[PDB]
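Protein chains in written order, with PDB author numbering: chain F, 17 to 150, 156 to 460; chain G, 1315 to 1434; chain C, 4 to 462; chain B, 14 to 144, 156 to 462; chain A, 14 to 462. Accompanying notes for the structure given below.
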Amino acid sequence: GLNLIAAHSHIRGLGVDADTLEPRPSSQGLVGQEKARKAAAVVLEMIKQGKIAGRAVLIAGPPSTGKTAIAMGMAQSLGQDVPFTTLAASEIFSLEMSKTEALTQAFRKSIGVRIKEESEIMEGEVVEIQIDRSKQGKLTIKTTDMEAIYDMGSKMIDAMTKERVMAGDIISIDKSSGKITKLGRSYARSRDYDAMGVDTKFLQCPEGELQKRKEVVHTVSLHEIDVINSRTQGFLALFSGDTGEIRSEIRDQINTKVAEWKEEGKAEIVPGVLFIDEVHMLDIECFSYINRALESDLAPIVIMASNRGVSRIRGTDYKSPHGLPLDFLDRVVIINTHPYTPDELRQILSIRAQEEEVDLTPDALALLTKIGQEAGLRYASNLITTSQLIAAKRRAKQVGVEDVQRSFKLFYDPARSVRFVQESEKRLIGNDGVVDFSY
Amino acid sequence: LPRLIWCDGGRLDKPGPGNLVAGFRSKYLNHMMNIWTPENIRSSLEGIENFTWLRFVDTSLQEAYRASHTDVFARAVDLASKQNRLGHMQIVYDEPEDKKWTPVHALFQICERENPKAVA
Amino acid sequence: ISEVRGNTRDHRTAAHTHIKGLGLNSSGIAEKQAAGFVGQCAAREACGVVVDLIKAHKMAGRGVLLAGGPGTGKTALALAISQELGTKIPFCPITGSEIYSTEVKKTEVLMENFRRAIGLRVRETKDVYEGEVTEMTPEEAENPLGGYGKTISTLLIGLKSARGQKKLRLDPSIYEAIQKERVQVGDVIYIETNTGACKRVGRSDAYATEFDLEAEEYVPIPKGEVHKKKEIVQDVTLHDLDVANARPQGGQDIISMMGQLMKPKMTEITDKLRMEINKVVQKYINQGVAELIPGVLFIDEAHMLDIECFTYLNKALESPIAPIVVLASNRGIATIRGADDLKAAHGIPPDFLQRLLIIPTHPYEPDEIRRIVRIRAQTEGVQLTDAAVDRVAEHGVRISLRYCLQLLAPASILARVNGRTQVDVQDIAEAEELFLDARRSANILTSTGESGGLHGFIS
Amino acid sequence: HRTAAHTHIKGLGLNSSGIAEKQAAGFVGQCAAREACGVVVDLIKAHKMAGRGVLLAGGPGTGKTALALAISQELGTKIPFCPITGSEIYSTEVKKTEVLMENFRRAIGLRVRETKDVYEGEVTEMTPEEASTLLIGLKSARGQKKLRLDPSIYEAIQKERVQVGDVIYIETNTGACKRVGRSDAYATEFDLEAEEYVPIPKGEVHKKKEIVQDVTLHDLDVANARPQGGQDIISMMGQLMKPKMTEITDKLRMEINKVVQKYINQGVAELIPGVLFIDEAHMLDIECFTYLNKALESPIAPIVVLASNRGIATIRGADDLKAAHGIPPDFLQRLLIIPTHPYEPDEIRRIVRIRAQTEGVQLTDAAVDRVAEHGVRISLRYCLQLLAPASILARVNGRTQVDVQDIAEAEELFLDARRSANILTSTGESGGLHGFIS
Amino acid sequence: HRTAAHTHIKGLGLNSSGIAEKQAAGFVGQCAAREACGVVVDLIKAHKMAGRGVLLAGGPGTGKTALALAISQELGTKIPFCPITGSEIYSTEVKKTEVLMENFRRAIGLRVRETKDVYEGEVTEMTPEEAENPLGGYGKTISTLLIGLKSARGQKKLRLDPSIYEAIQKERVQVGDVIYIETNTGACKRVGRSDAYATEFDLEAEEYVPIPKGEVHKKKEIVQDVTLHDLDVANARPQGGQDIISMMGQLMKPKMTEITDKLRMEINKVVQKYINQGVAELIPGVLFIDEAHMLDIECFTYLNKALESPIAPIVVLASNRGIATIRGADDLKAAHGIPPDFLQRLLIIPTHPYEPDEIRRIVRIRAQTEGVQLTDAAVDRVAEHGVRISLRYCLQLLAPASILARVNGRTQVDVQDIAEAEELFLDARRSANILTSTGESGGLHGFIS
Ligand SMILES: Nc1ncnc2c1ncn2[C@@H]1O[C@H](COP(=O)(O)OP(=O)(O)O)[C@@H](O)[C@H]1O
Ligand SMILES: Nc1ncnc2c1ncn2[C@@H]1O[C@H](COP(=O)(O)OP(=O)(O)O)[C@@H](O)[C@H]1O
Ligand SMILES: Nc1ncnc2c1ncn2[C@@H]1O[C@H](COP(=O)(O)OP(=O)(O)O)[C@@H](O)[C@H]1O
Ligand SMILES: Nc1ncnc2c1ncn2[C@@H]1O[C@H](COP(=O)(O)OP(=O)(O)O)[C@@H](O)[C@H]1O
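Right, dumping it as structure tokens:
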């Protein structure tokens, strides 16, 4: 369908024994990284238990060591039941709001408010409207399965007039609010006219009982309640963005009321996760805010990933490990992801080939594993798709070594590319702009 | 300006002969494949779905749809008709017995239900 | 409608949940451990005088600096000050990072928070009649006006509450409100005596069954008295008065209503407005109808402020109406954010530092760290063997207080996962191995990122 | 038609087997790089894979943009190809990571096969049927027709000032309608009126035609983010009211993906993921590559092709880090890298001959020789730029073809940057009255 | 009335032959520069030239700005004199080259004859007439208004376009009001009530005004002074119509906009029609860019093109700086802080330091300008400064010394009152010594570096 195959599509969960939290050598698509998966599972336990507010966990390791994959597996294993805000650090450098507001919003996104509600909605096809004046009227509605006549009040006849409700229309009436909505017209009326207006759409007739009392569970972010209270129709800003640096006194009211809802049992607070990928792209002004942001009772658990060594923090000229302030790193616990052995590469490349529905020969998978050792996991992974397509060009049944060899011949790995850049430095634009275009 | 530009389809949004795109594109982008149409909203109204909150914002699917298609002037004219009934509730449903009552379909209008402006 | 949940009202635990106050005698002397604190007896006693400074309404525009290394409890002390003041006094915490708005100049953002930290308490009487309309009935006048044929001298309205009903005789001019508001028998309304007008809340839910369909929601009968006369106490900040004057909310024209449909962008509130607000406030204070209640603006990581923020604070603190400012800083001797040629202690300009009462916060002894581990464990609900306590406290000496407190929850998970209702050394020895500190990780970096390489860290 | 820089590039020139022909489709050489681009074409047309990155790497003038426009023509017009430069994303409206998102979604197409029922005729009758429904009579030279109109399309017909005797255009199912004019059968209803009189339509009053409509996922974003076109008239005020870009939420784009998949399941729409091509990728900064790194992991993302001509160079926004291609090594691991190489003298000769006949220039053999000599010793781009001036000079000498005389004149009227730098070095030796400004 | 730095300057003080009188019109000396500024005044008054550049070059306090303000007085009130500093160019609303163009067109004036075609009368009838529209949803609309206007010379009945009735309605006109209607704009003004029925007992605080004398329809003509920039701003932010865009454009916040070359070019066509119609005189003026060293290399590179425009004012720059770094171009140093490209375009009027007897003369001119009656020994004292200290420090002492003398009960300033003024009010150099001596080491009482 519309979901194509991606880099983390094979990641289906965190792959641990739910009893002992012991990882197993592969499951749910993950391979190796056992201590990191066990640590991630220990974090996932305290996410799900939810009482521990505002912990910060850093996933640290070289490129292509499963830091993002583990973050995906944790989100899959956490399920839909808990908020999982996924934020690239680049997203915080907004032009429409300050970086602290952009962090505040991402924090607010990660706490759910859960409400369960029952409401009466009457839905059906209009059969007739009848009106008397001397105000009163009668409404006939059908489903496929019922027809009934309802007395309409004066305000209800006005609403019918304002909405231009005809026979053959499908209407819904929320009895709790009283407001009519028109869903469309019944497809039976497809022959009622020769030409139809732009805003007209056909529907199947509603089915079953006319008025239903479904029980529904609602979970909304604290960020959604903020944006809804930002302005008179702030809910539209949930989609266009188009929102200010929201006033702190609005959030102050909202937090106080959400506590009342939890005291009264109207709602359950569902604290979730914020995952900040490439957190080293934040700056000293972000990090010093995040220190205070983690102080709140309504702070999520924050996961973050970095591949930086000892490297300069942004917004300053001194270096530090991970590119992060030591004042910040003091508040963090760190999970380290290691390189992969050839046997763990051989497994991951098989999992990718299955997800990509590529039938590697055993020799191709062996050669592809050597490339993964010699040229990196992502490059050997990217040769799978390339060798499949090249095999298809020769109508081959399976990807042979010759299809991987040609894939390796056509597309350079990073190291072979850097070698090419060094070998042709005068033909390439240098860091001082010099180049020679001649032969 | 020549009528070829100003009338006969050099305006991309104006449907007619020549401008064969505008008539299709208006229907599909504003109605069929438009998330704010009530049939699309109604499919997204529960659980973790993107309109879950619309039960507790005081708008109906019809008002949400209107507010997403009419411009800021037209929406402001519609505001002129409305009554600030949540501000009156702040005067009446005061007491512990009233539990600061609010209609549950307006639950998320916290700052309208609690605002000194009404009391002052 | 909503399906209420019967489950227990527990609470989440954060890094400061154990702190409950400053823990002082009535003589103001710090108790060696109390209210969640261990040690810092000097800094707690100093904060106790600051607490009494704030509760005495002589203070204006004083400054405090909490000075000390990271992990030394400066934010804990600020929160404890806030808890000692309680909810009736504003405490407005921000970081210096929050001042770099995109939407107004940062001196406006700071002056907003400066005025947020100043409260006003206004007492007024609410005086209304309220109920479901039991009746409306004209009284025909004794002396009708010629040519009209109808002349009403009184309109009578019955209002019922849950607690009774009253026959209410009203000046006939209320016809204007009723006819505009479309009040009917069975609607819930109130009458306010400062206008004699009426407003409609909705139809009484006693009539929710009048029709199979009607297009309004019903509202409950007012559960109070039919007549309310109450004093009402309003929590107001002076920043609320700024915004309420600088962007009026209720305007019924198209530009107002278009304005309220678009994002409420901050604006650079004039000093002329703020200075007139102050004058009218001081008038009502002198009338005794309002209390000023100045509170605390707390700025954490105040070394993130720049020299433009600090030079404005000079003027701001000199205002005759101003909160106390409490700063916290950990920046040694460091370059001023906006004056790269200038280094100073705490990262605070020497010009401004001379204004502040500095409070130093010192490190913790090995036995204080151990007592903090005990306090933290029982707050998270974790329970430890004494050998687990001593192992956690030893990491507190060798690594950091914060790291050891962050080991408690992981080890509690691993203990219960292993079937143990209390954590032991075997779990601590495992939590400390899944979850590294910054130093052990920095060693992994220092060994692995010695060069570029296929598996190297990126420097 | 006009001749731009690449109009000779017709495609990749690959064999049935996918091997490159040494001169085909207007390419010469780059065979190994054309074959690699062929596999990228197969990757795109398979539409199985999201978010694979490709990098084109090699010196300036080595054909990196010929190769990108050859792909665009192997894909044809159906598949969306969205080109940008890495400098385009520094919008002042919204954060550059929003601009990247909008460009990713322009690279994913959605195809609807739409049937248009058009009624165009003179309005012979307008009979309101209810008191809502209208019946309208329409006439062409070839007959008349009656239509039942829903009150919605009626009021559209009535919002336009249609009357009996007017000529109108109606689209039956889109609900679009236009007043074409007044029928010239009424042209003498007065001797002067402020009215436009048009002949009666002379074909069928009814036409049915099938139009394969293309939109993109970004078009759905924009339509759903804000009222568009005639929905927002107050936009005429400008300032606050104009249609500014805003930082679209992923809530919206996720909810758009839901609706779009619904219409794919109905079979109404066909999804067509395509290509986002970013030239001068070295103009992207470290924050952009940090975003691209995530965005390429979404399940929808197009194939991204990048070009760079930098050697080892500082990445923008982090001068502390120098990397090959100017691409962070973190992100470079994610890309399939295709190298491009300099051209042999004999390859330059062939490219000169190919483009000459594409500009319509014709050369003597010695004229090809002398131009090719400038290609080798100076630059391929310089020698090709000689061709048009030399043709003008030959024309005004009355000659049918460019000869050595006309190139030896062109090369002296129009210097390369190298000889121009020599002039700057000799003349800007001092800040004198006739010196160049240093 | 208030006395400021240049109140003594009245003009260039030239002879009819264009030679400078050594002391005239408030000046002392600068004669060669005053003569060069005279020839510039001739260049301006002779309309024929566009986009010539003049640079007043010379150290601070050499009267460069006095020369520019003297030019502004020799040109008189008719010619546009448009002074700006280079620091005014950095707008937050629009690019800095927009502000330059606005100032270039503000420095070109137009005097134009205008006929205002108007109706004036007491409203004696007002009767709206309306149509039931088809169902557009907004309901009925007024199709026209019939209004009766009464003047002294009888009366007329007007059937107004409803667009003009909206002007009448937003003006809150009533029957019995006196109104002015301007058929140029469709705009309306309620002048008052009639003096008929002008009874006292209105809370409304009405202005009753007499019935308009003369005919009810009038066609008065008036001469308007406008700049080209006034036309640009009028046409970029339209506000004179009764249409919805003009209406809402009065409710929106005013903001500057980057007016296009396309608009400016088409307003040249419009103004040239007024010239060919004989209703306008084009009167090009001068732009004085003070502190022109505060411009930047983008400003200066734009000025190249702006001065090449087929109409542009005369530009007078002033700069006080030696060989200095060009702002925005830290690689490039040049004299005056002006790029070597741009300096070639200008005629430089160098300006020189004053002699001690000139300082004495200026001190006496300045003293009597402020009304400071000052003894000759006191003049000599003040003129020892200006030699040993800046000239400005002399002139600034005259006011304190006057205060101190009058506080001492003196009618006139003695040497004593200056010697006290010298002590209370230091020059920069004596204060710079206090800094270096007190801040010779850090401490509690040190100056902050
Ligand atoms: N342990 C693992 N099991 C399965 N797939 C993995 C594992 N580690 C990495 N991958 C896959 O290899 C690629 C790179 O790993 P990823 O975690 O995305 O890089 P990084 O470590 O830089 O975040 C992705 O496709 C990812 O899904
Ligand atoms: N004296 C103390 N007693 C109890 N807990 C403390 C004390 N000092 C610090 N803590 C706790 O240890 C951690 C470090 O203190 P904190 O105030 O965050 O340091 P800093 O002021 O450097 O940010 C916090 O969780 C805090 O609650
Ligand atoms: N392989 C090729 N065959 C024929 N012409 C080419 C080839 N490569 C480049 N050209 C021509 O030379 C010009 C420069 O190529 P281009 O792709 O712009 O180089 P780059 O983008 O690497 O700087 C193109 O406009 C094209 O006309
Ligand atoms: N030739 C002069 N005659 C009279 N007053 C002068 C003369 N030159 C300068 N002044 C006065 O001296 C003061 C300083 O001159 P000013 O024009 O400010 O110099 P600059 O603008 O070059 O700094 C002003 O009060 C000015 O009027």
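Cβ atoms here follow ideal geometry from the backbone N, Cα and C, with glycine treated the same way.
Measure the beta-carbon distance from residue i to residue j and round it to whole angstroms, keeping in mind my assumption that it falls under 8 Å.
| i | j | result |
| --- | --- | --- |
| C:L276 | C:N317 | Incorrect: roughly 21 Å between the Cβ atoms, too far for contact. |
| A:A396 | A:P369 | 7 Å |
Just tell me which of the options has its CA closest to the CA of residue i.
| i | options | result |
| --- | --- | --- |
| residue 514 of chain A | A:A293, A:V400, A:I324, A:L173 | Residue 514 of chain A falls outside the range modelled here, since chain A spans only 14 to 462, and no answer is possible. |
| F:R335 | F:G265, F:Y400, F:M302 | F:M302 |
| B:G384 | B:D393, B:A396, B:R373, B:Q425 | B:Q425 |
| B:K170 | B:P353, B:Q381, B:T137 | B:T137 |
| F:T102 | B:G71, B:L439, B:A319 | B:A319 |
| F:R437 | F:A396, F:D453, F:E423 | F:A396 |
Could you pull out every residue in the same chain whose Cβ sits closer than 8 Å to the Cβ of residue i, ignoring the five residues on either side in sequence?
| i | result |
| --- | --- |
| residue 4 of chain B | Outside the shown range of chain B (14 to 462) lies residue 4 of chain B, about which nothing can therefore be said. |
| B:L88 | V54, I57, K58, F94, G298, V299 |
Which same chain residues, not among the five before or five after residue i, have their C-beta less than 7 Å away from its C-beta?
| i | result |
| --- | --- |
| F:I147 | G158, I178 |
| B:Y103 | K109 |
| C:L437 | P413 |
| B:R405 | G74 |
| F:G29 | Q44, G89, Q92, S93 |
Skipping 5 residues on each side, what residues in its chain have a beta carbon closer than 6 Å to that of residue i?
| i | result |
| --- | --- |
| F:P99 | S126, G128, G293 |
| A:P96 | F301 |
Any alpha helix (DSSP H) of 4 or more consecutive residues that is wholly inside the segment 371-396 of chain A: Fully enclosed alpha helix (DSSP H) runs of no fewer than 4 residues occupy 389-395 of the segment 371-396 of chain A, in order along the chain.
Members of the segment 129-143 of chain B that neighbour chain A once the beta carbon cut-off is set at 7 Å: Here the close residues number zero.
Sequence ranges, alpha helix (DSSP H) only - wholly within the segment 302-326 of chain F, length at least 4: As far as the segment 302-326 of chain F is concerned, its whole alpha helix (DSSP H) runs of at least 4 residues are 305-314.
3-residue-minimum beta strand (DSSP E) runs that sit fully inside the segment 113-144 of chain A, ordered along the chain: Whole beta strand (DSSP E) segments, 3+ residues: 121-144.
Contact list for the segment 250-269 of chain C against chain B, Cβ threshold 9 Å: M261, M265
Residues in the segment 285-303 of chain B having any Cβ partner in chain G nearer than 9 Å: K286, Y287, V292, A293
Ranges of the beta strand (DSSP E) found wholly within the segment 258-305 of chain A, counting only runs of at least 3: Runs of the beta strand (DSSP E) lying entirely within the segment 258-305 of chain A and spanning at least 3 residues, in chain order: 293-297, 299-303.
Residues in the segment 1385-1415 of chain G having any Cβ partner in chain F nearer than 9 Å: Against chain F - using a Cβ distance shorter than 9 Å - the residues of the segment 1385-1415 of chain G are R1389, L1393, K1413, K1414.
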